[PDB]
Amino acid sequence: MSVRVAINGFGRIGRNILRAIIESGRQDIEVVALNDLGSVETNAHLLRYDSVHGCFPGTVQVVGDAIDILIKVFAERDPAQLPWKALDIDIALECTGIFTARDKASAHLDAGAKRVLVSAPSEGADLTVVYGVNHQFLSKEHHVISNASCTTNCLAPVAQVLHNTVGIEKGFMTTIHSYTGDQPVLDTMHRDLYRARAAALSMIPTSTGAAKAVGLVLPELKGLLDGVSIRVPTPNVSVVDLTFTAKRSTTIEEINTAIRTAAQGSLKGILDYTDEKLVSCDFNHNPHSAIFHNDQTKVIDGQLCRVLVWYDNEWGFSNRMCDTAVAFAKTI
């Protein structure tokens, strides 16, 4: 019944995984352990209080070597040292952000987790999964997999619906994105010259791999999409601004309706929509991968089309980590 997980790296997403599990009321995932090299006390405190997501819904105590909500806490620099065999770990959730590589993440297999799921694109991933779109391809042949990114998780279901309805010849994606943890509050030394500037002071153009990735989850679209991002001064919630050329002449109503159909049918709980005049903060804490904004569909001359699609880049994705982990457990 219950799939035994361990969270490696108790950072935003790791904590958000936990919170998604408790909030949703789901009973199919047991969080057996967490690993992180900072204080156990500090970890519980960050779980308790979040500036974006509010108070933990429940009580949070540190008792001995565990956090009671009863989750064992570990501190290993080297994931291969974790007692995953002893703890009968089904799926290790790699969340630290520094072991995204398949080479690197396979350390949890060494430690005795039966499978690994990386909360980010993974280099040499056995499979990159956008739950609700391609998780059905998961099988005994896959041991270390990627959950894609928040952005990929948003763009793909929408891509799919559009391609099925009007066909996408080519498309360009700009994601207007909230600042993330790898950005600094003030200008400072960095791997990337864009992301080195004060995060809450500018619109910052930056790179995203999501459009290429949608080329893989949906092989019909390989090489037909590219994409970039613009980071702006909001702490959470992002949006895909997609312009594409359609293979057949179409309308706003045509596109909106295929979205409503998909959202009400086979992508229920992955894709949603709004006919209301909403702004980014209204999607904060929404669990969908994508929420399509009907108001914003525009179509020039029946063939050049633009859509706008919100996503809580933390909350959507963390709920997807749960679904992917459960679907993945069934192939063990």
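A residue's number is simply how far along the shown sequence it sits, counting from 1.
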*Deposited-sequence gap flanked by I69 and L70*: 1 to 3
*Stretch exceeding the other in mean C-alpha B-factor - 87-95, 217-225*: 217-225
*Is the mean CA B factor in the deposited entry higher across 32-40 or across 286-294?*
32-40
*Hey, out of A210, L242, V133, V232, whose CA B-factor is highest in the deposited coordinates?*
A210
*Considering only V116, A198, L82, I204, which residue's Cα atom bears the greatest B-factor as recorded?*
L82
*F137's Cα B-factor: lowest, middle or highest third of the chain?*
lowest
_Please place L308 in the lowest, middle or highest third of its chain according to the CA B-factor in the PDB entry._
lowest
*Pull the Cα B-factor of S280 out of the PDB entry and bin it into the chain's lowest, middle or highest third.*
lowest
*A327 - which third its CA temperature factor falls in, relative to the rest of the chain*: lowest
*By its CA B factor, does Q264 count among the lowest, middle or highest third of the modelled residues in the chain?*
highest
